[PDB]
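Down below is the structure, laid out as structure tokens.
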Amino acid sequence: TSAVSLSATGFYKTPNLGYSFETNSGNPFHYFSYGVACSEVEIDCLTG
Amino acid sequence: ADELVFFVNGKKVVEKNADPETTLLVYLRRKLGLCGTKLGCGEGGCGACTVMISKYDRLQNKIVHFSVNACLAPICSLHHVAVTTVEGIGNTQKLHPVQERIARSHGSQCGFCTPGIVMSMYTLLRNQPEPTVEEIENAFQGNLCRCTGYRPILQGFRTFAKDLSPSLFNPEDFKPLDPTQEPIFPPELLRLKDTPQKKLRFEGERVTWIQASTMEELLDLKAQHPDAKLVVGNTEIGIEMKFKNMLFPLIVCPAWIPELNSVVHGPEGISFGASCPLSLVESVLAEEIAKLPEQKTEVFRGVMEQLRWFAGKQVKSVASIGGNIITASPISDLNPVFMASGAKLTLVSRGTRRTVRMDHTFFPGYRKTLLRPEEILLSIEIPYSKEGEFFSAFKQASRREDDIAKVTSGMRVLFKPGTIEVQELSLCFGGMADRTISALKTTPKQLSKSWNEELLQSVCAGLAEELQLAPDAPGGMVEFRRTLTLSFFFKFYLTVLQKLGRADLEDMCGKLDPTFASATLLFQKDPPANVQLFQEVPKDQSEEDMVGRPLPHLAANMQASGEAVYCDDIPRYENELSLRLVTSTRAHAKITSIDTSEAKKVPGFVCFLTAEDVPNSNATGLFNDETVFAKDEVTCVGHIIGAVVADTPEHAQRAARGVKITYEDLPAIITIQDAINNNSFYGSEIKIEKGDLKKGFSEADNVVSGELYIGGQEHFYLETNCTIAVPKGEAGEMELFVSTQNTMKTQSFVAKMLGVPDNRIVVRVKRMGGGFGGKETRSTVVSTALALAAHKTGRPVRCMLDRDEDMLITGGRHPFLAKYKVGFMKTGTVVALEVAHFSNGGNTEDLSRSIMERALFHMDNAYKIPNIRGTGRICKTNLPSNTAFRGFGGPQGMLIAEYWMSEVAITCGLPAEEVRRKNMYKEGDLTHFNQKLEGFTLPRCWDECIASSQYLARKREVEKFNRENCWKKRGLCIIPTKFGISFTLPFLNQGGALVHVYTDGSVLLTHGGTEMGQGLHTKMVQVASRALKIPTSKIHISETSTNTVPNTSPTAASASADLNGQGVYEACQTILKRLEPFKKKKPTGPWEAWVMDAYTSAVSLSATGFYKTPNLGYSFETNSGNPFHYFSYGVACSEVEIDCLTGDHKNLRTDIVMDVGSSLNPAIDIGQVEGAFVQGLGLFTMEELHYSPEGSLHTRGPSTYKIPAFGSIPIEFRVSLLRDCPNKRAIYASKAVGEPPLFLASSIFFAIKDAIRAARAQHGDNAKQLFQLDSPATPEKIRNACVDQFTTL
Amino acid sequence: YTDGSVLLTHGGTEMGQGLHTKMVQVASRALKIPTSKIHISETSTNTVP
Amino acid sequence: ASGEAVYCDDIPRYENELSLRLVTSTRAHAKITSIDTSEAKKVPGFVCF
Ligand SMILES: Cc1cc2nc3c(=O)[nH]c(=O)nc-3n(C[C@H](O)[C@H](O)[C@H](O)COP(=O)(O)OP(=O)(O)OC[C@H]3O[C@@H](n4cnc5c(N)ncnc54)[C@H](O)[C@@H]3O)c2cc1C
Ligand SMILES: O=c1[nH]c(=O)c2[nH]c(=O)[nH]c2[nH]1
Ligand code: FES
Ligand code: FES
Ligand SMILES: [Ca+2]
Ligand SMILES: [Ca+2]
């Protein structure tokens, strides 16, 4: 009722990327994800 | 189990189970999906459903073409016929010349009436490739348009005929017509012209329809079941079935039978078969009148004169002569002619045949004839006139009830040969009782009498006695009716003197006074002129910059082709339901019980919704004082009690009739006086008060007091209220498609009724087939109900009101009563003014207080008044709630101002234009609400208009006509206007936009405004195009939605171009700053390259925009602060000619000079001046709502509510936009345009009053100077104020 | 909207990975209102290009 | 879990809605020598290929 706008767009671009195959430089990624898994199995050697 | 077989647009249609009740309009829209053809009224008045029919005539061996209203043509009448709709003649890929020309010349605004207008003009061209101008106008008698003011349509189509500033369109560029390129007449139908016609039987849900092929089958069937209802054109049966709930389970249609269609030239007259359409009757009588001698054609010309102003081409093509006779309406225009002239009617039944001369016995009771149940009317013989036999026909200038109280008349006289002495005299009238009647007591007294003054006065006293009307005879207007019986006879009397004189005998009869001759002339409208003037853009302006150029409405082509989608044109979901509202039949009553038992037996019935079914809140309306569905209490005839949901609208309608309500009456408050008596108001008195009232009244040389009543107005948007709610089944989400100006309130009323957050509801508007303020708030009573229904069923639900429902439920412009007292000098200078205003608000507050506020801000109109008091009260009453109507309080206040001003001039004995001009404000003056008037253009508009209308010279010609004419008079007025621009609620002066640019460079722009015919979207594209510096062709607007732009104000107060133009402009500026670096780096490289570089640099190509009108906010406490951002200005001078004997009149000429700043778009702005002007003209002169004493609106369609037609507009109509008047306060220096011109139609009202004054001075006797002319100045009101020897006794 | 309810939309689409849930989570932290006041209804080219 | 979540094919069909089915190659690499549509046209409700 004071005529202020209640709508907005927002926007974002990941900064500082651009890898060169020609020079093998620049960052392809913004960060890396990591993790590790231990798995155990039992096989049946006669049936697969 | 006969198949029904016809063609639509060349394609064969086979219907194996045709239902007799299915109209062509429903079949097209719903079975074939061809939605170009529209529903505007369903009673034949509006023409929006007009299509063409072609068939092979066997009575002519030629292919014929005529137009019909789809809304009244049963598909069962259509076997072996070929239909063409708007989709069949062209589309946007290849427009038909007719479609191109209406579009390019700006004759399509909202677009809703455009296809029916196209089909009328198209049909005309198929029958007359080289029509005359008179023919082009006539083709549209049955076609109504509410937006255009008609001028552009006629102007556009005039290019088919006669076989400073730039222009609005270029006819040089119209594609030529090639008739060889029309669709072929379906070759299949010319083969089937060989097999003789076989009887057909169709069986529907309730009706059986027998299409009889021979007289024998017909009379046979009437012998065995006399109940079988004859249907020929359906132009009356269709009304009885759709509006008066009559059902006729057996119908026979005889239209194929040759003997019912024959035309036979004989000795006494010409016999027409009963099924002959009035269009043929017209055509052969025209041919006969033209080729035979005057003396043989008197009756013929009488018939023709009644056919002149009798429905359009669409109706006459199918309305039978027999049908009119047998319907036996008390207001038939034909039956008095047939009676007076003693036409020979032949009647047959199985084994019988008799002949009767039509006389008083032919009509025994209300809507009855002397036909035996088993008889049919075979034929009617229209007689030649004998030597010394004279005939006239007459009809009441208007129509206010369905069936009664419209005077219409046939008059015949035969002379003893070689004499002036009366052998036969027959005077027959309709609208004076419940049947066509003869003046049988009166006429025999005149036998042998010489045709002279004693005859005249003896016939007048006779008719006054023999046709006396009781003060409460049905249909009212008794004074006016009595006078017309007398006046119509007087015209016949003078006409007869004139005609006696032509046969040499002017020595026996007495010569006619040359000032009387004008009384007898048959209605003639001279050729229309028309000029439009506007400003060219600067020579330097890029040709891609369309701002200030006459660019056509973006959707005009699509509207002219029937491709533009309106709400009910949207395809139905498979599982979609229909809804019909159920409304109170009492003004004020407790509901004691509701019984739905009969509704439940209707097939496809789903449920009946009531207050109990609302999830959260039954409290809605702008001020929260209205119910979704009535609870315990109904408060007006039209109060919504509930809603039937069913599969189809037909089933919803029958099921709704099966809801029985029982009432116990409560004390009702109906009129403004009723509510004054009862202290029944919406809140407290509103007041503006400046200077010193006792001091000004003391100073004053003269003081005048009086009252004025101003009647309301129905918007009559050609598209009625319509909503589709589509439930999404998750989280309460719903999406609605609505014909509304207010998406925000729709959204928020839907959410509150459901108790879900606004964020779940989306409201989408593509366009409305007109709004005018009627869809500012009132559309929501349809929306909420629909939305409820869809929530309960989890199915889509739709409702579109029929005309009757819409006119009844949604309310109108506020009626106003004023009581004024004005004090002034002998010089004309007014010094003191007191006006207390009253409005009728009806049963909810809605916008009523804001409307009164507006009236009060305009009670000055154009004039400085140093000592002034205005008060406003809005009455609360048991009527439908009245609402916004283009003008919004303005035209009512301003008309009151001009009415006391008219009395100022007359009292001072001075010229109105001088008294006006010297009271006018000047630059920098403060209004009564203390707002300073900057950029005051009104004196320029005034001076340009006095000059271009040639007003002072025209005043002299008016004087001259008046001294030389006794029974017609002319009048001339020039009227100014000031109209404040901005919503009276300050915070509503905001708007927003959202723009996207896609990677191909195209732009998708949306804003909070809605398109209702005013070309808003067009202007906004023009704006964005200038602001982005790219062509309009790269920018698109597809719709308005709450989920693209939120919290928008309604499209209203003429401000939407102002508000959204800024919003759009800001969003474009934001896009332009983000593009700048790509522009600099690549300064010539096209727009698309900048957009793609921005995209692949990850720059955002989406933006909002927003704007608020600065510096606003008036307080009534202090009388300070600006309510308006700026003011619109304009002046209209208008000339009329009134017929003092009937009260009819011609609008001779109107000149408008309008200040629209530097127009954004002169074509649309001229468009808006004319359209608004012509609605004004309706308000003040034509449009009248009539209510029962119990508060039940009775005028619920075009048949009794008369908006301006093609033929009502000023013969010469000039509009100029003011040059060099840029408005720094608004977008690209333009001004709002939508509402300011409506009140300038005032000038016609005051011209009429000027001519009445002249009539009153002519026919005395003494007094009253300062007589009453209330608005609208209908023929009734005009005739009654022309006091003469006929009104007195 | 004027009832205080928020309609939110963004260019990502929901394929079972709980994205709108996360975006409703973010928006509620950013605005400092509960998640019940914020709705995401769909992804569309005519709201985010 | 309740089956009220709307996926694309759950959306109600319009009464005039048509259905489409793709026709695909049965050869890994080939010239199209002809397409004969005669049988397709005999199927009730066929509109076009
Ligand atoms: C927009 C509009 C404007 C109109 N304006 C006027 C006007 O200004 N003045 C005026 O006088 N009328 C007016 N009418 C009425 C019009 O003249 C009649 O509706 C028409 O002539 C009836 O003919 P129909 O073939 O359409 O009759 P239908 O509606 O088909 O039938 C009307 C009645 O006539 C009966 N009937 C038809 N033929 C025979 C037969 N041969 N034998 C026995 N009964 C028969 C039917 O049983 C039925 O009761 C208007 C109608 C419309 C829709
Ligand atoms: O000042 C106005 N407020 C409104 O809400 C409105 N609606 C309208 O049609 N004209 C106006 N004028
Ligand atoms: S819709 Fe048929 S005449 Fe108005
Ligand atoms: S354009 Fe003719 S009714 Fe609106
Ligand atoms: Ca209305
Ligand atoms: Ca009201």
Side-chain angles (χ1 to χ4, degrees), chain B residues 4 6 8-9 11-19 21-39 49 70-71 75 83 85-88 115 204-205 562-580 602-607 643-655 719-720 722-729 734-739 764 766 782 786-787 789-802 1039, chain D residues 6-21 43-48:
Chain B
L4 170 70
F6 62 105
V8 183
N9 302 337
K11 170 176 194 58
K12 190 183 198 202
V13 166
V14 181
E15 181 50 68
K16 294 184 163 190
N17 306 287
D19 197 310
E21 288 190 82
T22 309
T23 66
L24 179 53
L25 175 71
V26 174
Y27 202 81
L28 295 174
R29 291 184 59 77
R30 280 198 268 142
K31 197 70 155 268
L32 297 172
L34 299 161
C35 291
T37 308
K38 311 312 201 198
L39 179 72
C49 62
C71 70
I75 48 164
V83 186
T85 63
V86 72
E87 301 93 352
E205 272 195 54
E563 298 168 276
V565 166
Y566 300 76
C567 186
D568 198 44
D569 316 317
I570 297 166
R572 289 174 72 111
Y573 289 100
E574 269 176 326
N575 70 340
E576 190 154 327
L577 294 174
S578 308
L579 176 136
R580 184 156 180 112
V602 181
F605 172 81
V606 177
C607 63
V644 173
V645 178
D647 56 349
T648 70
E650 292 68 39
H651 292 164
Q653 180 177 44
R654 298 168 39 193
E719 177 211 36
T720 51
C722 188
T723 292
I724 306 173
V726 2
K728 310 274 168 190
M734 177 173 315
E735 182 153 293
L736 303 75
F737 299 92
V738 186
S739 185
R764 296 169 62 182
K766 189 145 188 82
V782 169
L786 236 112
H791 172 64
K792 299 278 289 171
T793 65
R795 291 164 59 156
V797 174
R798 100 171 40 189
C799 172
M800 177 172 166
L801 302 187
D802 301 322
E1039 75 186 335
Chain D
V6 184
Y7 302 78
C8 190
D9 192 43
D10 305 328
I11 294 169
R13 291 200 171 235
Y14 282 99
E15 33 171 41
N16 67 338
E17 194 151 325
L18 299 168
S19 319
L20 168 147
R21 191 183 173 95
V43 180
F46 182 78
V47 174
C48 71

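Proteins come first, then strands; the chains are lettered A, B, ... in the order of their sequence lines, and each starts at number 1. These values consider heavy atoms only, across backbone and side chains, with no hydrogens, waters or symmetry-generated copies.
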Side chain proximity check, B/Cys607 to B/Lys792, heavy atoms < 4.5 angstrom:
no
Mind checking whether B/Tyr573 and D/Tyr14 have parallel, tilted or perpendicular rings, split at 30° and 60°?
parallel
Do B/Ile724 and B/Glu576 come within less than 4.5 Å of each other through their side chains, counting heavy atoms only?
yes
Does any part of the side chain of B/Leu736, heavy atoms only, come nearer than 4.5 Å to the side chain of B/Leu786, both counted from C-beta?
no
Is there side-chain contact between B/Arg29 and B/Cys35, with at least one heavy-atom pair below 4.5 Å?
yes
Under 3.5 Å, is there a donor on one side chain and an acceptor on the other for B/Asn9 and B/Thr85?
yes
Heavy-atom nearest pair, B/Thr23 first then B/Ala70, reads CB-O, 3.9 Å
Exercise: identify the closest heavy-atom pair between B/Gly36 and B/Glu87:
N-OE2, 2.6 Å
Distance col, row B/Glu563:CD vs B/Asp569:CG, nearest 0.5 angstrom, shows 11.5 Å
For the side chain of B/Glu735 and the backbone of B/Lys728, is there at least one donor-acceptor N/O pair under 3.5 Å apart?
no
Side chain to side chain, B/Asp802 and B/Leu39, heavy atoms closer than 4.5 Å
yes
Tell me if a side-chain donor or acceptor on B/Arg580 pairs with a main-chain N or O of B/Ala652 at a distance below 3.5 Å.
no
Rounded distance (nearest 0.5 Å) linking atom CE of B/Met800 with atom CG of B/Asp568:
5.5 Å
Residues B/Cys49 and B/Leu25: closest non-hydrogen pair is CB-CD1, 4.2 Å
CA sep, side-chain torsions, deciding dist, call: B/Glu719, B/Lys38, side chain to side chain contact (heavy atoms under 4.5 Å, CB included)
CA-CA 8 Å; B/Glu719 177 211 36; B/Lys38 311 312 201 198; over 6 Å; no
So, do B/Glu15 and B/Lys31 sit near enough that their side-chain heavy atoms are less than 4.5 Å apart?
yes
Taking the side chain as everything from C-beta on, heavy atoms only, tell me whether B/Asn575 gets closer than 4.5 Å to B/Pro796.
yes
So which heavy atom on B/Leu579 is nearest to which on B/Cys799, and how close?
O-SG, 3.4 Å
Distance check, rounded to the nearest 0.5 Å: B/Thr22 atom OG1 versus B/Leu28 atom CG?
11.5 Å
Of all heavy-atom pairs linking B/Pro115 and B/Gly562, the shortest is CG-CA, 4.2 Å
One should read off an interatomic distance between B/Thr723 OG1 and B/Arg798 CZ, to the nearest 0.5 angstrom, of 11.0 Å
If you count every heavy atom of other residues, nucleotides or ligands that lies below 6.0 Å from B/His651 atom NE2, does the total exceed 12?
yes
For the student: nearest non-hydrogen atoms of B/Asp647 and B/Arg572, plus distance
O-NH2, 3.2 Å
Min side-chain heavy-atom separation B/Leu4-B/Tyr27 under 4.5 Å
no
Hey, does the side chain of B/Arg764 reach the backbone of B/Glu1039 with a donor-acceptor pair shorter than 3.5 angstrom?
no
With sequence neighbours excluded, tell me which residues meet ring pair (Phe, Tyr, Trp, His ring centres under 6.0 Å) with B/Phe737.
none
